[PDB]
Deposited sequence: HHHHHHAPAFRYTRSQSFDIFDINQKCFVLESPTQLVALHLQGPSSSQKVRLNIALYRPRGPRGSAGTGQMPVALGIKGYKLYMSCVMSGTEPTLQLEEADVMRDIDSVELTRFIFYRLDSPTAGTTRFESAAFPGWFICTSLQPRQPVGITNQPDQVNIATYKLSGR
């Protein structure tokens, strides 16, 4: 279903200027720096014939990737010490795949889970909380980011 084409590093902030920081291998938080700002190593993929650009999201320098998985009976965002996958050819591996959705005019971006369509990478309105996923993006959370390579 997806083949690795390349990786590229990006700076990232959410729409309220919170950036990501890695507090442990299991906790990524969004806060105002004003400590270690995280860059994403975004692996981009090509499909073949819910979004426009399939990517994996690496926490640069830490060899960790974002994945969406069921935990209990609820979708959950998590970080996995997972290898760079050349071929995403199983439902299982699609957990790592997000659609990067860019707004042409505004240059903002959202990330929708491929494994959990309708689910979006989000931050709390409050700082110092973990990043998460939601099926109500930008509704009492922020699911909107600004990226720069």
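The chain's deposited sequence has unresolved stretches at 1-8, 43-46, 62-67, 168, with no C-alpha coordinates there.
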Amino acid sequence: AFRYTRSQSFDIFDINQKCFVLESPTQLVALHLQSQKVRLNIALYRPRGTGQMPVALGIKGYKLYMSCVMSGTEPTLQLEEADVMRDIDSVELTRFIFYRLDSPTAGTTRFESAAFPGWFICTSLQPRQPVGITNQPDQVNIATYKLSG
From here on, numbers count along this sequence of modelled residues.
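Comparing the deposited coordinates for 115-123 and 88-96, the stretch with the larger average C-alpha B-factor is 88-96. A summary of the deposited B-factors shows that, of 139-147 and 2-10, the stretch with the larger mean C-alpha value is 2-10.
Highest C-alpha temperature factor among 106, 57, 70, 101, as the PDB entry reports it: 106. Across the options 42, 66, 82, 28, the residue with the most elevated CA B-factor in the record is 82.
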